[PDB]
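In what follows, chains are A, B, ... by sequence order, proteins preceding strands, each numbered from 1. Side chains are part of it too, since the values below use all heavy atoms of this structure and drop only hydrogens, waters and symmetry mates.
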Amino acid sequence: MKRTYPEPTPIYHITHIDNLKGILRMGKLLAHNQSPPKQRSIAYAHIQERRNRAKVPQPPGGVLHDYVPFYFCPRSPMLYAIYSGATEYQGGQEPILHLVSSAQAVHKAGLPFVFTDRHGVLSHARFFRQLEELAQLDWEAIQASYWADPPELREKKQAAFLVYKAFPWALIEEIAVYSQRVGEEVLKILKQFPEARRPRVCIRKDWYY
DNA sequence: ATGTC
Ligand SMILES: NC(=O)c1cccnc1
């Protein structure tokens with residue numbers, strides 16, 4: 001019998017540790033089109049250019065770059081490309097944070113969101129607004145440790161949770177890290193912003209390659 | 001195993 005979604009339903013945003021000061025200084029993740037003060041890009045430029053022009057067909061509309069992106073799993077295919085040094089970024093996985101929240105927290109906060117059933121740049125991706133439609137996602141695919149094939153599993157592992165324009169730091173519940181050295185550095189950065197929520201910092205080597 | 005398509 002096919003797996004269901006946990007409730008609350010965790011959502012994950014990966015970013016380089018060099019960006020955490022900018023996230024705390026703004027008090028939020030900003031969408032790409034909101035010009036976040038990022039220090040370190042870990043993206044593929046050629047797929048960023050697709051996101052730059054990919055329409056979001058549910059309200060509040062706009063394009064994929066108008067939304068702060070999350071996945072429904074850690075240990076993403078994106079993180080594999082970073083781990084293997086396939087990106088322009090050559091620093092590897094160790095300085096990449098997993099920022100964790102939930103779908104339900106976003107809804108309760110009244111923030112506009114959409115989600116997809118597969119990688120959002122695919123022309124056949126379905127888009128949803130109602131958390132009951134989390135039943136449309138493939139939770140086997142989302143949880144799969146081996147995702148390279150078959151193709152439908154590879155697409156559906158990359159179902160995305162999309163928050164319009166900005167995501168408030170106070171909705172982050174956990175920062176997951178690869179190593180003790182990165183966890184310590186995360187805590188030093190948080191202590192420079194004493195008015196900000198300090199989520200638990202957890203070493204989760206099984207969220208990495 | 002997996003170099004986001
Ligand atoms: N940076 C990310 O975690 C992310 C999540 C979903 C899609 N693209 C990027």
Side-chain angles (χ1 to χ4, degrees), chain A residues 3 5 9-19 23 29-34 36 38-58 62-101 103 113-128 134 136-164 167 176-179 204-209:
Chain A
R3 197 162 292 151
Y5 55 99
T9 311
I11 61 177
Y12 310 79
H13 176 92
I14 58 167
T15 200
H16 196 288
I17 197 177
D18 287 347
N19 300 328
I23 294 162
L29 293 162
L30 295 171
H32 184 97
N33 281 350
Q34 296 290 124
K38 61 160 191 264
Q39 296 298 331
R40 182 85 43 209
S41 179
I42 64 178
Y44 287 147
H46 67 287
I47 307 184
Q48 179 181 281
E49 286 170 11
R50 293 180 59 188
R51 286 164 42 72
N52 212 37
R53 65 188 174 247
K55 288 190 321 182
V56 170
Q58 288 296 324
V63 295
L64 286 179
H65 262 184
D66 290 331
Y67 299 72
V68 180
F70 298 71
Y71 290 129
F72 290 103
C73 50
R75 204 175 178 274
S76 62
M78 176 175 178
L79 183 69
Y80 183 86
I82 296 160
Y83 155 84
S84 69
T87 48
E88 193 179 14
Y89 166 68
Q90 287 298 293
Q93 65 178 0
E94 175 166 21
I96 309 307
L97 310 184
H98 290 78
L99 306 175
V100 188
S101 186
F113 69 86
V114 308
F115 65 96
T116 67
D117 72 336
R118 70 194 72 219
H119 199 302
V121 298
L122 302 171
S123 58
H124 60 285
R126 295 167 80 205
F127 288 74
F128 309 105
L134 290 164
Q136 297 305 305
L137 274 52
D138 183 335
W139 296 91
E140 219 63 49
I142 288 164
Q143 287 174 19
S145 54
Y146 181 72
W147 44 261
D149 55 81
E152 181 178 48
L153 185 138
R154 180 179 190 121
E155 292 184 359
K156 287 192 164 184
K157 182 170 181 78
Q158 291 175 107
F161 190 87
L162 302 165
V163 181
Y164 191 62
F167 181 100
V177 298
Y178 180 61
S179 71
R204 292 195 193 280
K205 294 187 159 287
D206 59 307
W207 292 10
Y208 299 79
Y209 291 94

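Every residue meeting the side chain to side chain contact (heavy atoms under 4.5 Å, CB included) condition with A:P36, not counting sequence neighbours, appears here in chain and number order: A:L30. Evaluation of the side chain to side chain contact (heavy atoms under 4.5 Å, CB included) rule for A:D18 yields A:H16, A:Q39, A:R40 as partners, not counting sequence neighbours. In this structure A:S179 satisfies the side chain to side chain donor-acceptor pair (under 3.5 Å) test together with A:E94, sequence neighbours excluded.
For residues 139-162 of chain A, the set of pairs meeting the salt bridge (charged side-chain N to carboxylate O under 4.0 Å, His left out) definition, not counting sequence neighbours, comprises A:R3-A:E140, A:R118-A:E155, A:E152-A:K156.
Nucleic acid contact class of A:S76 (heavy atoms, under 4.0 Å, all strands): none. Contact annotation for A:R51: no contact, since no heavy-atom pair falls under 4.0 Å across all strands.
Mapped onto DNA chain B by nearest heavy atom, A:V121 and A:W147 fall at different nucleotides, with A:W147 at the one closer to the 5' end.
In 5' to 3' order, the nucleotides of DNA chain B bounding all contacts with chain A (an atom under 4.0 Å from a heavy atom) are B:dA1 to B:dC5.
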Show every donor-acceptor pair shorter than 3.5 Å between a side-chain atom in residues 75-85 of chain A and any protein atom, with sequence neighbours excluded, or say none if there are none.
{"from": "A:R75", "atom 1": "NE", "to": "A:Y208", "atom 2": "O", "distance (Å)": "3.1"}
{"from": "A:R75", "atom 1": "NH1", "to": "A:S145", "atom 2": "O", "distance (Å)": "3.1"}
{"from": "A:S76", "atom 1": "OG", "to": "A:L79", "atom 2": "N", "distance (Å)": "3.1"}
{"from": "A:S84", "atom 1": "OG", "to": "A:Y80", "atom 2": "O", "distance (Å)": "3.1"}
{"from": "A:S84", "atom 1": "OG", "to": "A:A81", "atom 2": "O", "distance (Å)": "3.1"}

